[PDB]
Amino acid sequence: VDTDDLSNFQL
Amino acid sequence: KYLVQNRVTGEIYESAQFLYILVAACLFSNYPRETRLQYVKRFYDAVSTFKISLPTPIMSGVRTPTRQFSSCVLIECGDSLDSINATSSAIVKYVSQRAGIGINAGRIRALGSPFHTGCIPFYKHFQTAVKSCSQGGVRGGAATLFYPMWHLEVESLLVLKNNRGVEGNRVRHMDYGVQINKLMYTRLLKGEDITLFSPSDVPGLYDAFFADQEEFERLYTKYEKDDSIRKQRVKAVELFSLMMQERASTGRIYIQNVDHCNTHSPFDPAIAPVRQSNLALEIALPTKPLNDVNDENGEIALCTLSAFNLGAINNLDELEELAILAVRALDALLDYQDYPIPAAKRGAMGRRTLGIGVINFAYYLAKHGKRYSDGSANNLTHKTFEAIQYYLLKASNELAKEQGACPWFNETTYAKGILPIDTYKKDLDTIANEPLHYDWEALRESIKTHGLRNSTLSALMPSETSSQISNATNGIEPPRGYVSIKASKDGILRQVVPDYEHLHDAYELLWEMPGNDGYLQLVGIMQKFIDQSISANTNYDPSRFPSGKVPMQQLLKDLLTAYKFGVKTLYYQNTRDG
Amino acid sequence: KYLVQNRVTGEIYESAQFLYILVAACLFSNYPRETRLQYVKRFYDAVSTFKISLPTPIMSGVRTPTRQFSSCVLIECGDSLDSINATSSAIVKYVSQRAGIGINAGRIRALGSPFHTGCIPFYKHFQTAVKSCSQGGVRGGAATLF
Amino acid sequence: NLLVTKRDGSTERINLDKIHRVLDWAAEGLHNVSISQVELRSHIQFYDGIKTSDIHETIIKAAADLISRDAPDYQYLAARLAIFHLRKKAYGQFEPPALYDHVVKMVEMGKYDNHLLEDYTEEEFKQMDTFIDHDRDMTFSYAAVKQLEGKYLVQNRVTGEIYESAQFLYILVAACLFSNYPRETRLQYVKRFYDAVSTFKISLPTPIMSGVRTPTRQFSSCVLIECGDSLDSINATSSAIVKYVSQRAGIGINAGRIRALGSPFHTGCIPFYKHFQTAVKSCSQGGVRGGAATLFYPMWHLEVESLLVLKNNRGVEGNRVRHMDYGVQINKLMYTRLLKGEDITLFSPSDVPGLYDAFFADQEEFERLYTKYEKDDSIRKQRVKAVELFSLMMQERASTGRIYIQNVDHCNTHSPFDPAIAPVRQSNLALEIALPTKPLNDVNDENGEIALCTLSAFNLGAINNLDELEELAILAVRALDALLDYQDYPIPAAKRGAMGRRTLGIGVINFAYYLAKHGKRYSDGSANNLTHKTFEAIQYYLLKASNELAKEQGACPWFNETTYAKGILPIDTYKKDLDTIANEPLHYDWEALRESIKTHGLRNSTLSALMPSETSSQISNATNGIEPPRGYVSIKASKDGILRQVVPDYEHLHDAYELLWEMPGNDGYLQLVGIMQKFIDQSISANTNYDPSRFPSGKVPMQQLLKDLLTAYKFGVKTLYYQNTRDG
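Here the residues of each chain are numbered from 1 in the order the sequence is written, which can differ from the numbering of the entry; residues without coordinates are not included. Whichever chain is written first is A, and whichever ligand is written first is 1; the rest continue in order. These chains belong to a larger assembly; all numbers given describe just the chains displayed. Remark: hydrogens and water are excluded; side-chain values derive from all non-hydrogen atoms of the structure.

Method-wise, the PDB entry is recorded as coming from X-ray crystallography, at a reported resolution of 2.650 Å.

Here it is in structure tokens:
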């Protein structure tokens with residue numbers, strides 16, 4: 001898992 | 001399993017048209033002579049020409065001495081032994097009639113609280129309840145059990161069907177629905193921690209989780225600071241990782257987005273929140289716990305189902321006539337069927353909830369030259385499901401004018417003039433631009449005035465047996481292959497997807513999809529109009545990924561994608577094998 | 001098991017002869033004031049010199065605010081879902097108070113009958129009721145089925 | 001509307017037109033690629049607030065997933081999309097900065113070596129900037145660009161920042177290797193070497209590709225160490241290994257001199273082999289990943305039967321040393337014993353004076369001493385049936401695939417070295433290097449010799465005809481010879497070897513491709529005279545360059561120890577049986593060259609060696625070394641998805657190729673390896689291959705294994721590397 005790669009996503 | 005037959009001698013007594021005519025007869029029996037037979041004729045036509053698809057219990061029962069037609073029930077458990085027992089007894093009652101169960105058991109306090117022993121022994125009990133009428137203890141009777149992601153005992157609960165543990169740690173023969181909201185996901189993205197509380201130690205917290213998101217926000221942060229409160233702290237990535245891992249290997253750890261179920265809902269979450277789903281994850285109705293099997297204060301949710309065959313209609317205005325027939329046929333059934341538990345009769349007569357969905361959607365997209373995976377079917381889906389929901393609401397509206405709205409109508413967001421086209425996830429505007437073709441504003445007022453016969457109308461359920469009857473692709477799912485094989489003691493049974501001859505290239509078979517994005521967008525666009533929910537799947541072919549292993553990154557991303565497009569529930573995860 | 005104490009702080013509050021005397025005083029509290037303390041003294045004597053043995057729940061509970069002393073119950077199950085459910089509910093209630101159970105499930109009809117699915121699924125359901133209040137469905141709660 | 005989060009961190013309207021343009025630019029001149037298709041497969045993955053970097057990752061991968069035999073040009077579409085992404089990552093825009101400005105910035109950041117600035121003026125960087133053609137970047141395949149991004153381009157190991165692009169890498173690698181040349185000729189050498197490598201004519205190995213131009217001086221990737229029969233030598237060997245593996249070198253160890261278990265090494269070889277194993281693995285991420293070795297010993301060693309099964313994964317721990325490979329050393333007499341169905345006698349090296357030496361240098365002296373000691377029955381000796389020994393070896397070779405063969409007689413009768421002064425007594429990791437060595441007494445013993453070799457390759461698919469090799473050989477030899485003077489040496493015996501002999505190993509890549517486009521095949525003998533023609537050109541032009549270099553800069557210090565020094569050439573000493581399988585005559589003046597060598601000598605004692613390449617040939621989309629490909633498409637895993645490569649010019653040549661498993665047997669290929677070895681200074685990493693399904697009951701007969709072994713011997717094959725078995 002990559003928290004930086006996820007963290008961009010807007011919910 | 002349809003034709004009236006002798007179970008023991010194997011004698012068949014009737015043929016399919018007698019079944020169809022008489023099913024029409026019983027559902028319209030109480031109509032005035034003025035209109036009765038005309039209703040019977042047109043409903044017969046609609047079902048005998050496969051326009052309306054009827055579920056098994058109705059297909060085999062209506063016209064016989066039986067009155068057992070409820071095939072899905074939703075029971076909510078309170079945090080007491082009396083409630084626990086009532087829940088258990090209700091289950092046993094319904095499964096002896098073959099209903100599928102959805103159980104909300106998230107309120108039960110964690111192991112170690114001031115249920116000193118915890119949730120799991122009670123889950124085992126619900127399991128045995130569910131299986132209490134099963135030919136060996138595996139075959140028949142099914143359940144999905146629901147709980148919040150932030151429950152103190154969650155880590156133990158996520159692995160409950162992991163077939164490689166110890167017996168008292170495992171309850172393998174139920175499925176599970178993990179309940180999530182915006183804040184849990186944010187914690188994931190921000191790479192932060194999630195705090196685990198027992199429901200009992202956090203007053204007002206469980207309620208807010210479903211009804212009021214910013215109240216949940218306040219109470220959660222408050223209780224995260226208050227360090228007299230029993231609490232467990234975990235890394236958000238490890239929790240979601242564990243869940244998705246368990247979801248990946250069993251394929252039956254489900255997701256419910258509780259915020260989406262309440263912000264975009266035909267129910268006011270302050271009076272009647274949606275707090276669980278059913279077995280297959282498409283039903284979303286309010287419930288209240290019972291003190292006793294006969295507690296007239298409890299509420300058990302029930303829903304009568306049917307489907308439109310998108311391959312039997314030539315254009316979308318046929319749905320007017322069909323929606324009238326579907327709504328009125330199913331609403332009559334609510335008055336015809338037995339109710340073995342008083343709280344269930346409450347739910348059904350109070351709200352008169354229906355779940356009418358679709359079959360043959362893959363086929364429908366095929367013949368319009370559209371596909372699942374590329375976004376080519378977005379505006380057509382929007383166009384198709386707008387027509388469905390508008391015409392269903394219209395029928396239930398004309399029926400409210402004719403026969404009075406439903407007793408608890410005043411608890412719907414509908415009652416307040418609010419429509420699904422007002423409350424849908426905003427991000428759907430970035431992926432479809434079909435405008436609305438029907439007068440939603442005239443209908444708003446006609447609803448404000450006369451209300452609805454039924455509190456819900458639409459739900460997208462899986463169909464398997466039903467769609468076989470009319471040689472239809474199952475529900476909204478793409479087929480796995482052109483030919484479907486089934487075993488029976490009569491030999492190998494084959495089915496060929498409809499109009500294969502002219503459309504083989506038009507189809508997009510399941511494993512032809514590069515990923516889940518296309519399909520999840522179509523599920524989103526659908527949910528814009530659906531009262532309840534949709535039994536959506538996620539799918540992965542190991543051979544599209546390095547070393548044949550499906551990356552967690554992709555699992556988490558698709559989960560968030562569904563969230564992004566207002567997806568309420570995620571059902572099966574299928575993994576291709578071989 | 002016996003002397004009143006704290007679970008958490010593990011602190012002990014009484015000695016044995018206080019336990020014995022008060023068990024006596026509680027049990028004989030409703031007797032007329034002409035026999036009461038005479039009965040209390042003679043009962044106190046009988047137990048503290050080991051002539052009458054009292055079960056664990058009395059030994060540990062009589063004198064305290066609790067009223068749960070039933071350590072053994074017997075439930076008969078009839079041949080119906082209503083009765084099966086009532087039997088199950090009653091077991092749950094009593095095992096939560098640590099009682100041991102005798103269940104009679106003989107009347108339940110056999111596999112194949114016009115129930116249809118047989119006794120064993122219902123026995124499992126009794127078993128989960130019996131274990132509904134213990135560690136991990138193994139230690140705590142015991143029953144004999146007839 | 002769809003919003004995009006920029007480089008910094010602020011939203012902006014999605015720009016579908018700019019995306020379409022980049023795709024359209026990328027597709028120029030490509031065939032059978034649908035921009036539209038790539039657009040659909042990536043747009044569906046986008047979402048409101050998507051990071052700008054992830055849009056590029058999505059389009060690249062979208063194009064990468066379409067790479068196929070039918071549509072191979074997706075290789076170049078995806079590649080160019082990735083180049084375009086790398087430019088914006090490195091420079092904040094497509095256009096690379098000016099060369100001088102970039103070099104200045106980089107040296108300042110501690111990423112390029114500061115001598116670049118010392119050795120060249122700003123005006124000289126302006127002139128070099130004019131040699132550069134940044135569009136050459138458009139000529140890489142997708143897999144090539146993944147390699148550049150993975151392990152070539154100067155980057156931040158921790159942040160993942162890329163600082164340069166492929167042409168800067170190429171120009172500067174040219175600059176450092178020709179830095180010391182006189183102004184007269186310096187920049188002209190730089191321009192032509194840049195051209196040769198940026199147009200894939202010369203292939204450069206990893207350490208040079210990622211290092212030369214940076215502050216590092218660690219470029220030695222293969223070392224050969226010989227162990228003497230003493231604890232001091234054993235320890236020195238061990239310490240040398242540890243030193244080199246911490247720099248990632250592959251090791252070849254000759255440990256055949258260690259006396260057997262039970263000698264007057266009372267305890268024997270194996271405990272010491274375990275020690276060398278732990279030495280080799282002393283710098284490995286877990287103790288499996290990284291650091292590799294092949295250990296060499298004679299077939300006639302007393303302990304041989306124990307040694308042959310050393311990697312048999314089904315024994316007992318103290319009987320096993322599984323994580324090294326082995327090279328069994330054989331000569332004419334051992335084979336004869338096999339044929340004649342006789343016995344082989346096993347001696348410990350210590351009990352047979354002069355025997356070990358003769359085994360490599362003097363075959364008939366070996367003959368005499370062997371028979372003598374076979375009679376003398378005071379000498380400790382074991383007797384075994386020759387068939388059972390060869391059977392055991394080939395069995396172990398068959399199942400692990402890594403029990404190797406070295407024909408020590410061939411390595412000395414046909415060799416650029418006089419085996420009386422400097423015998424070849426082992427090989428390296430991969431079995432293509434063949435250099436002399438001497439044991440060490442101490443890690444710092446200035447009397448020992450550790451062999452080193454700098455490698456490179458000619459791309460046989462980038463040249464239009466064979467006289468291009470003149471210009472290319474000059475460039476290759478001079479570039480690599482300069483490196484020998486540029487690189488660090490952490491162990492004095494290794495510096496001895498390199499400065500004494502100045503040995504190079506220059507080989508080929510893209511040979512399968514080359515045979516394909518000439519309508520030739522591997523298995524039938526159709527490529528024999530063309531191979532002879534091709535490898536004659538290679539060796540003649542390499543010798544010519546090293547000869548002109550000897551005239552310019554003086555021959556190598558130990559030149560007098562080569563057979564070259566004595567007027568003897570490879571065309572004089574080759575295995576005679578090669579005359580029965582090829583009749584191509586010599587096209588070049590070997591007799592003028594003989595004299596010009598007799599006179600002025602050679603800059604380098606060896607020039608040619610045929611090494612495997614895997615990473616290297618990916619850069620120029622080339623078939624690996626001299627090997628036939630397994631299939632048309634090569635699949636690789638990476639956290640970025642499935643990486644595909646399509647064999648060059650599949651479109652026009654699919655029928656021309658002979659894929660590996662299409663070969664009825666090994667004969668054709670072994671003949672080509674023989675014909676090659678006629679001209680090669682060192683050796684070749686040749687494989688043997690077997691498909692079980694071509695044999696009764698799916699079992700490969702020992703008869704066939706032994707026969708092919710003897711066939712390789714017959715055609716003067718020096719070494720046999722991997723045995724591959726098809727599975728499934």
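For the overall build of chain D, give the residues involved together with the corresponding values.
A tally of helices and strands in chain D yields 29 helices and 18 strands. Each radius of gyration reported is based on C-alpha atoms, and the globular scaling rule is 2.2 Å times the count of residues to the power 0.38. Expected size for 728 residues packed as a compact globule is a radius of gyration near 27 Å; at 27 Å, chain D falls within 12% of this value. By its C-alpha atoms, chain D is 95 × 65 × 50 Å across when sized along the principal axes. Counting over 728 residues, chain D shows a buried share of 60%. Here chain D has roughly 28,200 Å² of accessible surface; of this, 47% comes from carbon and sulfur atoms. Charge assignment: positive for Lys and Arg, negative for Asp and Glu; neither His nor the chain ends contribute. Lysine's charge is taken at NZ, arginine's at CZ, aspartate's at CG and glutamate's at CD. Each charge sign in chain D was given a centre, from 80 positive and 89 negative side chains, and these centres are 4 Å apart. Under the scheme used here, helices are H or I runs from DSSP no shorter than 4 residues and strands are E runs no shorter than 2 residues, and both carry numbers assigned from the N terminus. Buried, partly exposed and exposed residues are distinguished by accessible area as a fraction of the type maximum, computed with a 1.4 Å probe on protein chains only: under 20%, between the cut-offs, and over 50%, respectively. Each accessible area is a Shrake-Rupley estimate made with a 1.4 Å probe; only the visible protein chains count as cover when residues are assessed.

Lay out the sheet that holds strand β1 (residues 72-76) of chain C with the relevant residues and their values.
All names here are of chain C. Whether two strands pair depends on DSSP finding at least two bridges between them. Read across the open sheet, the three strands follow the order β1-β2-β3; overall the sheet is parallel. Here the strands that pair on one side only, and so sit at the sheet edges, are β1 and β3 (143-145). Looking at each pair of strands side by side, their axes are set apart by 15° on average, direction ignored. Where strand β2 (residues 100-104) lies against β3, three bridges are found, and the strand directions are parallel. Looking at the pairing, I101 lines up with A143 of β3. Between N-to-C directions, angles span 0 to 180 degrees; the directions come from axes that are lines fitted to C-alpha atoms, helices contributing only their stretch in contact.

Explain helix α5 (residues 119-130) of chain B to me, and be specific about the residues and the numbers.
Residues and elements named next belong to chain B. In this model α5 runs 16 Å from its N-terminal to its C-terminal C-alpha over 12 residues, within 8% of the 16 Å that 1.5 Å per residue would give. The buried fraction of α5 is high, at 12 of 12 residues. For α5, the full list of buried residues reads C119, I120, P121, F122, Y123, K124, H125, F126, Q127, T128, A129 and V130. In this scheme, a helix's expected span is set at 1.5 Å multiplied by one less than its residue total.

I'd like a rundown of the interface of chain C and chain B, residues and numbers included.
Note on contacts: a residue pair is in contact if any heavy atoms of the two residues lie within 4.5 Å. Taken together, the contact between chain C and chain B spans 21 residues of the former and 21 residues of the latter. By convention, the term buried area covers the 1.4 Å-probe accessible surface removed from two parts as they join, with the contributions of both added. Across the chain C/chain B interface, buried area totals approximately 1,900 Å², and carbon plus sulfur atoms make up 60% of it. Definition used for salt bridges: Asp or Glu carboxyl oxygen within 4 Å of a side-chain nitrogen of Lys or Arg. Counting across the chain C and chain B interface gives two salt bridges. A salt bridge links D82 of chain B to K93 of chain C, with the shortest nitrogen-to-oxygen separation between them at 2.7 Å. Polar contact is the term for a pair of N or O atoms within 3.5 Å; when the atoms are in protein, one must be able to donate a hydrogen and the other to accept it, and sequence-neighboring residues count only if both atoms are side-chain atoms. Across the chain C-chain B interface, the total number found is 11 residue pairs in polar contact. Only α4 (81-95) and α5 (120-130) of chain C provide two or more residues apiece to the side of chain C that touches chain B. Element by element, the count of residues in the side of chain C that touches chain B is highest for α4 of chain C, at seven residues. Each residue belonging to the side of chain C that touches chain B can be placed in one class, and the counts come to six nonpolar, 11 polar and four charged. For this classification, the nonpolar set comprises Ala, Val, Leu, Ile, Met, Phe, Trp, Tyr, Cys and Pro, the charged set comprises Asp, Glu, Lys and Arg, and every other residue, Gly included, is treated as polar.

How would you explain the domain arrangement of chain D if you had to name every residue and give the values?
Residues and elements named next belong to chain D. Once the domains are mapped, chain D shows domain 1 (1-200 + 631-657) and domain 2 (201-630 + 658-728). Just the C-alpha atoms count here: the centres of domain 1 and domain 2 sit 36 Å apart. The partner domain 2 presents 45 residues to the 45 residues of domain 1 that form the contact. Taken over both partners, the interface formed by domain 1 and domain 2 buries close to 3,900 Å², and the fraction arising from carbon and sulfur atoms is 62%. Of all residues in domain 1, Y152, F200 and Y657 bury the most surface against domain 2, accounting for 19% of the area lost on that side. The interface formed by domain 1 and domain 2 holds three salt bridges in total. How far each domain reaches was decided by an automatic or database domain assignment.

Tell me about the pairing of strand β12 (residues 454-459) of chain D, and name the residues and values.
Residue and element names in this part refer to chain D. Most of β12 sits inside the fold, with six of its six residues counted as buried. In β12, alternate side chains face the same way, and those of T454, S456 and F458 on one face and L455, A457 and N459 on the other are all buried. Pairing between strand β3 (residues 202-203) and β12: two bridges, direction antiparallel. If you follow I202 over to β12, its bridge partner there is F458.

Give a detailed account of the UniProt feature "domain: ATP-cone" in chain D, specifying residues and quantitative values.
UniProt positions are given in the numbering used here, feature names are shortened, and annotations may be inferred rather than shown by experiment. Using the residue numbers shown here, the UniProt feature "domain: ATP-cone" corresponds to residues 2-92 of chain D. As a span, residues 2-92 of chain D carries 57% helix and 4% strand, and end to end its C-alpha atoms are 23 Å apart.

Now, about helix α1 (residues 16-27) of chain C: what can you tell me, with residues and values included?
Structurally, the α-helix is built with 3.6 residues per turn, so residues lying three or four positions apart point the same way. Residues and elements named next belong to chain C. Its 12 residues place the ends of α1 17 Å apart at the C-alpha level, agreeing with the 16 Å of an ideal helix rising 1.5 Å per residue. By the burial criterion, the buried members of α1 are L19, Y20, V23 and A24. One face of α1 carries all of its buried residues, which in axial projection span an arc of 130°. Those residues of α1 that are buried are in contact with α2 (36-48) and α3 (56-61). This arc is built from the directions going out from the helix axis to the C-beta atoms.

Describe the side chain of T128 of chain C, naming the residues involved and giving the relevant values.
Residue position: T128 of chain C is located in helix α5. Using a relative accessible area of 12% as the deciding quantity, one classes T128 of chain C as buried. Looking at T128 of chain C, its side chain comes within polar contact range of the main-chain oxygen of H125 of chain C, at 3.0 Å. Excluding residues within four positions of it along the chain, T128 of chain C makes contact with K124, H125 and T128 of chain B.

Let's hear about a nonpolar patch on the surface: which residues, and what values?
Residues and elements named next belong to chain B. Any residue with relative accessible area above 30% and no salt bridge may belong to a patch, with like charges joined within 9 Å and the nonpolar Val, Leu, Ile, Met, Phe, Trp and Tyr side chains within 5 Å. On the surface, a cluster of nonpolar side chains totalling about 440 Å² of accessible area is made up of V483, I485, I492, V496 and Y500. Tracing the sequence through the fold places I485 in strand β12 (residues 483-486). With a relative accessible area of 53%, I485 lands in the exposed category.

Could you give me a rundown of a negative patch on the surface, with the residues and numbers involved?
A grouping of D2, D4 and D5 of chain A together with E57 of chain D is seen on the molecular surface, where their side chains present a negatively charged patch. Mapped onto the elements, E57 of chain D comes out in helix α3 (residues 52-64).

Requested: an account of the packing of aromatic side chains, with residues and values cited.
Only the six-membered ring of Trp is used, alongside the rings of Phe and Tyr, when aromatic pairs are assigned; centres must lie within 6.5 Å, and planes under 30 degrees apart are stacked while those over 60 apart are edge-to-face, with the rest tilted. The final tally for this structure, using the stated rule, is 73 aromatic pairs over all chains. Where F361 of chain B meets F385 of chain B, the ring centres are 6.0 Å apart and the plane angle is 75°; that geometry is what we call edge-to-face. Of this pair, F361 of chain B sits in helix α14 (residues 361-366) while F385 of chain B sits in helix α15 (residues 378-403), and the two are 24 residues apart along the sequence. In this structure, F361 of chain B and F385 of chain B share a single accessibility class: buried. Pairing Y335 of chain D with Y713 of chain D gives two aromatic rings, centres 4.8 Å apart and planes at 45°, and the pair type is tilted. Of the two residues, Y335 of chain D is situated in helix α15 (residues 332-339) and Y713 of chain D in helix α29 (residues 702-714); the sequence distance between them amounts to 378 residues.

With reference to specific residues and values, describe the state of the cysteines.
Disulfides are defined as pairs of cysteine sulfur atoms found within 2.5 Å of each other. Tallying each qualifying case throughout the model produces zero disulfides over all chains. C77 of chain B forms no disulfide, and the closest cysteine sulfur to it belongs to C119 of chain B, at a distance of 9.5 Å. Judged by its relative accessible area of 0%, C77 of chain B is buried. As a non-bridged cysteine, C133 of chain C has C119 of chain B as the owner of its nearest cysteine sulfur, 12 Å distant.

Describe the arrangement of the chains, listing the residues and the values that go with them.
Once contacts are tallied for each of the four pairs of chains in contact, the highest total is for chains B and C. One finds no contact linking chain A with chain C; the least C-alpha distance across the pair is 33 Å. No interface is formed between chain C and chain D, the nearest pair of C-alpha atoms being 40 Å apart.

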